[PDB]
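J.: Sharing structure.pdb here; it has PDB, C-alpha atoms.
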```
ATOM      1  CA  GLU A  10      17.814  19.699 -75.828
ATOM      2  CA  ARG A  11      15.247  21.622 -77.970
ATOM      3  CA  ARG A  12      13.480  18.516 -79.242
ATOM      4  CA  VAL A  13      13.180  17.130 -75.702
ATOM      5  CA  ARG A  14      11.700  20.477 -74.639
ATOM      6  CA  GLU A  15       9.224  20.140 -77.501
ATOM      7  CA  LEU A  16       8.175  16.606 -76.356
ATOM      8  CA  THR A  17       7.270  18.169 -72.991
ATOM      9  CA  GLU A  18       4.929  20.741 -74.583
ATOM     10  CA  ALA A  19       3.997  21.123 -78.278
ATOM     11  CA  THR A  20       5.009  24.504 -79.702
ATOM     12  CA  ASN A  21       2.141  26.798 -80.799
ATOM     13  CA  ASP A  22       3.860  29.983 -81.933
ATOM     14  CA  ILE A  23       2.112  32.977 -83.379
ATOM     15  CA  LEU A  24       3.438  33.726 -86.862
ATOM     16  CA  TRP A  25       3.057  37.381 -87.801
ATOM     17  CA  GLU A  26       3.852  39.909 -90.484
ATOM     18  CA  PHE A  27       2.794  43.526 -91.034
ATOM     19  CA  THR A  28       3.596  46.183 -93.564
ATOM     20  CA  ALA A  29       6.130  48.559 -91.966
ATOM     21  CA  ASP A  30       3.510  51.387 -91.744
ATOM     22  CA  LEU A  31       1.081  48.947 -90.065
ATOM     23  CA  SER A  32      -1.479  49.568 -92.767
ATOM     24  CA  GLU A  33      -2.077  45.808 -93.065
ATOM     25  CA  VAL A  34      -1.574  42.435 -91.523
ATOM     26  CA  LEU A  35       0.000  40.103 -94.063
ATOM     27  CA  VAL A  36       0.395  37.044 -91.839
ATOM     28  CA  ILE A  37      -1.383  36.023 -88.633
ATOM     29  CA  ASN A  38      -2.408  32.601 -87.378
ATOM     30  CA  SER A  39      -5.143  31.460 -84.974
ATOM     31  CA  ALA A  40      -2.685  31.033 -82.019
ATOM     32  CA  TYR A  41      -2.960  34.840 -81.703
ATOM     33  CA  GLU A  42      -6.499  34.664 -80.370
ATOM     34  CA  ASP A  43      -5.887  32.649 -77.180
ATOM     35  CA  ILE A  44      -2.587  34.266 -76.288
ATOM     36  CA  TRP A  45      -3.508  37.911 -77.026
ATOM     37  CA  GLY A  46      -7.153  37.547 -76.030
ATOM     38  CA  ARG A  47      -8.249  39.431 -79.177
ATOM     39  CA  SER A  48      -9.665  38.372 -82.552
ATOM     40  CA  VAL A  49      -7.801  37.929 -85.794
ATOM     41  CA  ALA A  50     -10.835  39.520 -87.547
ATOM     42  CA  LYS A  51     -10.328  42.723 -85.494
ATOM     43  CA  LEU A  52      -6.602  42.713 -86.227
ATOM     44  CA  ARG A  53      -7.145  42.480 -89.974
ATOM     45  CA  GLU A  54      -9.558  45.443 -89.856
ATOM     46  CA  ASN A  55      -7.183  47.425 -87.544
ATOM     47  CA  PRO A  56      -3.582  46.151 -87.660
ATOM     48  CA  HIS A  57      -2.648  48.379 -84.691
ATOM     49  CA  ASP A  58      -5.118  46.471 -82.463
ATOM     50  CA  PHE A  59      -2.472  44.086 -81.083
ATOM     51  CA  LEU A  60      -0.983  47.059 -79.166
ATOM     52  CA  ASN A  61      -4.080  47.141 -76.985
ATOM     53  CA  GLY A  62      -3.256  43.633 -75.875
ATOM     54  CA  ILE A  63       0.209  44.678 -74.667
ATOM     55  CA  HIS A  64       0.750  45.995 -71.143
ATOM     56  CA  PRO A  65       0.977  49.796 -71.384
ATOM     57  CA  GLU A  66       4.535  49.786 -69.974
ATOM     58  CA  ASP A  67       5.691  47.447 -72.794
ATOM     59  CA  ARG A  68       3.911  49.477 -75.488
ATOM     60  CA  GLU A  69       6.856  51.988 -75.615
ATOM     61  CA  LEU A  70       9.392  49.221 -75.789
ATOM     62  CA  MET A  71       7.526  48.352 -79.019
ATOM     63  CA  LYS A  72       8.430  51.813 -80.474
ATOM     64  CA  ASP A  73      12.103  51.015 -79.868
ATOM     65  CA  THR A  74      11.572  47.595 -81.451
ATOM     66  CA  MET A  75      10.011  49.075 -84.625
ATOM     67  CA  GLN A  76      12.796  51.642 -84.862
ATOM     68  CA  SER A  77      15.424  48.824 -84.724
ATOM     69  CA  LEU A  78      13.605  47.021 -87.519
ATOM     70  CA  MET A  79      13.505  50.138 -89.616
ATOM     71  CA  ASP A  80      17.205  50.542 -89.129
ATOM     72  CA  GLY A  81      17.575  47.098 -90.686
ATOM     73  CA  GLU A  82      18.249  45.202 -87.435
ATOM     74  CA  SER A  83      16.529  42.121 -86.069
ATOM     75  CA  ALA A  84      14.804  42.528 -82.730
ATOM     76  CA  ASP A  85      14.063  40.312 -79.746
ATOM     77  CA  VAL A  86      11.794  41.447 -76.923
ATOM     78  CA  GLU A  87       9.729  40.069 -74.083
ATOM     79  CA  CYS A  88       6.462  41.683 -73.085
ATOM     80  CA  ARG A  89       3.306  41.256 -71.086
ATOM     81  CA  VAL A  90       0.121  40.523 -73.021
ATOM     82  CA  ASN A  91      -3.613  39.830 -72.810
ATOM     83  CA  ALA A  92      -5.649  42.669 -71.364
ATOM     84  CA  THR A  93      -8.508  40.321 -70.402
ATOM     85  CA  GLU A  94      -6.074  38.421 -68.133
ATOM     86  CA  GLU A  95      -4.635  41.679 -66.709
ATOM     87  CA  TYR A  96      -1.577  41.204 -68.858
ATOM     88  CA  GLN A  97      -0.432  38.100 -66.971
ATOM     89  CA  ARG A  98       0.957  36.369 -70.052
ATOM     90  CA  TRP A  99       4.573  36.818 -71.073
ATOM     91  CA  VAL A 100       5.444  36.558 -74.729
ATOM     92  CA  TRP A 101       8.814  36.333 -76.443
ATOM     93  CA  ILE A 102       8.783  38.149 -79.819
ATOM     94  CA  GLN A 103      11.486  37.957 -82.442
ATOM     95  CA  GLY A 104      11.229  40.077 -85.597
ATOM     96  CA  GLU A 105      13.184  40.695 -88.766
ATOM     97  CA  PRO A 106      12.899  43.374 -91.466
ATOM     98  CA  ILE A 107      11.979  42.561 -95.083
ATOM     99  CA  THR A 108      13.359  45.242 -97.375
ATOM    100  CA  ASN A 109      12.596  46.728-100.779
ATOM    101  CA  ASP A 110      14.997  47.404-103.674
ATOM    102  CA  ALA A 111      16.446  50.452-101.877
ATOM    103  CA  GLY A 112      17.162  48.603 -98.637
ATOM    104  CA  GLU A 113      14.232  50.222 -96.806
ATOM    105  CA  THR A 114      12.263  48.107 -94.339
ATOM    106  CA  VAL A 115       8.811  47.621 -95.914
ATOM    107  CA  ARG A 116       7.507  44.596 -93.974
ATOM    108  CA  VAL A 117       8.292  43.182 -90.561
ATOM    109  CA  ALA A 118       7.938  39.509 -89.758
ATOM    110  CA  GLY A 119       8.526  37.030 -86.963
ATOM    111  CA  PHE A 120       7.040  34.884 -84.257
ATOM    112  CA  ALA A 121       5.632  35.345 -80.784
ATOM    113  CA  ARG A 122       5.762  32.536 -78.205
ATOM    114  CA  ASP A 123       3.864  32.371 -74.919
ATOM    115  CA  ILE A 124       6.614  31.844 -72.290
ATOM    116  CA  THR A 125       4.015  31.890 -69.511
TER     117      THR A 125
END
```
Translate this file's structure into structure tokens.

T.:
Amino acid sequence: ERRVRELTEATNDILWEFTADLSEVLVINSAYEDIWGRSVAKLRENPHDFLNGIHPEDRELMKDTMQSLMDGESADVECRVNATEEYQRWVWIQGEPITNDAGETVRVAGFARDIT
């Protein structure tokens, strides 16, 4: 059923990864620009910039998401994005923690898919 879904519309997921303190973007692809309505260049210079593209109500859900990741759990959230389009896009985000030698979450990584 997944393949047939993919025939109907080619997948174009955002692939992302940040350091856990959001000091840097480690992975971001060009799909980010159309969906978020913001530049990858700006994100690299300020890794917190993606938050400005998230509806202000879903911004606090993101705090809960980061906390889950820091507790070593995977997370799965849906939120409204793209400030230029009055946040009319919905995105499905799934993230996982990448840990250091001591089991601490030091990077967070996943995908984001435009689900309308």

J.: CA of residue 91 (chain A) to CA of residue 64 (chain A): how many Å, to one decimal?

T.: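 According to the coordinates, CA of residue 91 (chain A) and CA of residue 64 (chain A) are separated by 7.7 Å.
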
J.: Using the chain letters and numbering of this document, enumerate as a list in words the residues selected by the PyMOL selection byres ((chain A and resi 81) around 9).

T.: residues 76, 77, 78, 79, 80, 82, 83, 105, 106, 107, 108, 112, 113 and 114 of chain A

J.: Keeping only C-alpha atoms, write those residues as a PDB file, keeping the file's coordinate frame.

T.:
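As written to disk, again30.pdb reads:
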```
ATOM      1  CA  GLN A  76      12.796  51.642 -84.862  1.00  0.00           C
ATOM      2  CA  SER A  77      15.424  48.824 -84.724  1.00  0.00           C
ATOM      3  CA  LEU A  78      13.605  47.021 -87.519  1.00  0.00           C
ATOM      4  CA  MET A  79      13.505  50.138 -89.616  1.00  0.00           C
ATOM      5  CA  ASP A  80      17.205  50.542 -89.129  1.00  0.00           C
ATOM      6  CA  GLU A  82      18.249  45.202 -87.435  1.00  0.00           C
ATOM      7  CA  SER A  83      16.529  42.121 -86.069  1.00  0.00           C
ATOM      8  CA  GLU A 105      13.184  40.695 -88.766  1.00  0.00           C
ATOM      9  CA  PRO A 106      12.899  43.374 -91.466  1.00  0.00           C
ATOM     10  CA  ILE A 107      11.979  42.561 -95.083  1.00  0.00           C
ATOM     11  CA  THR A 108      13.359  45.242 -97.375  1.00  0.00           C
ATOM     12  CA  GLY A 112      17.162  48.603 -98.637  1.00  0.00           C
ATOM     13  CA  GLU A 113      14.232  50.222 -96.806  1.00  0.00           C
ATOM     14  CA  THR A 114      12.263  48.107 -94.339  1.00  0.00           C
TER      15      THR A 114
END
```

J.: Run the PyMOL selection byres ((chain A and resi 57) around 10) against the file shown and list the residues it catches, as a ChimeraX atom specification.

T.: /A:27,30-34,51-56,58-61

J.: Please enumerate the residues selected by the PyMOL selection byres ((chain A and resi 39) around 9) when evaluated against the supplied file, formatted as a short mmCIF file (atom, residue, chain, number, x, y, z; two decimals) with C-alpha atoms, keeping the file's coordinate frame.

T.:
```
data_model
loop_
_atom_site.label_atom_id
_atom_site.label_comp_id
_atom_site.auth_asym_id
_atom_site.auth_seq_id
_atom_site.Cartn_x
_atom_site.Cartn_y
_atom_site.Cartn_z
CA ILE A 23 2.11 32.98 -83.38
CA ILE A 37 -1.38 36.02 -88.63
CA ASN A 38 -2.41 32.60 -87.38
CA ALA A 40 -2.68 31.03 -82.02
CA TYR A 41 -2.96 34.84 -81.70
CA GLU A 42 -6.50 34.66 -80.37
CA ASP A 43 -5.89 32.65 -77.18
CA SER A 48 -9.66 38.37 -82.55
CA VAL A 49 -7.80 37.93 -85.79
#
```

J.: Expressed in Å to a single decimal, how great is the separation between CA of residue 100 (chain A) and CA of residue 88 (chain A)?

T.: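 Computing the Euclidean distance for CA of residue 100 (chain A) and CA of residue 88 (chain A) yields 5.5 Å.
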
J.: Could you pull out every residue with an atom within 12 Å of (6.2, 48.1, -74.4), file coordinates, counting only C-alpha atoms, and send them as a VMD selection string?

T.: chain A and resid 59 to 75 86 to 90 96 99 to 100 102

J.: Between A:25, A:47, A:14, A:95, which residue has the minimum interatomic distance to residue 120 (chain A), considering only C-alpha atoms?

T.: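 Between A:25, A:47, A:14, A:95, the residue approaching residue 120 (chain A) most closely is A:25.
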
J.: Give me, please, the distance in Å between CA of residue 101 (chain A) and CA of residue 84 (chain A), quoted to one decimal.

T.: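 Between these atoms lies a distance of 10.7 Å.
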
J.: Using 6 Å of padding on each side, determine the axis-aligned box around all atoms of region 38-42 of chain A present in the file and give its centre and edge lengths in Å to one decimal, as lines of an AutoDock Vina configuration file.

T.:
```
center_x = -4.5
center_y = 32.9
center_z = -83.9
size_x = 16.1
size_y = 15.8
size_z = 19.0
```

J.: Calculated over all atoms listed in the file, which of the candidates A:110, A:10, A:85, A:123 has the smallest distance to residue 98 (chain A)?

T.: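 Under the stated criterion, the closest residue is A:123.
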
J.: Looking at A:92, A:36, A:11, A:97, which one is nearest to residue 124 (chain A), with distances taken over all atoms listed in the file?

T.: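 Of all the options, A:97 lies closest to residue 124 (chain A).
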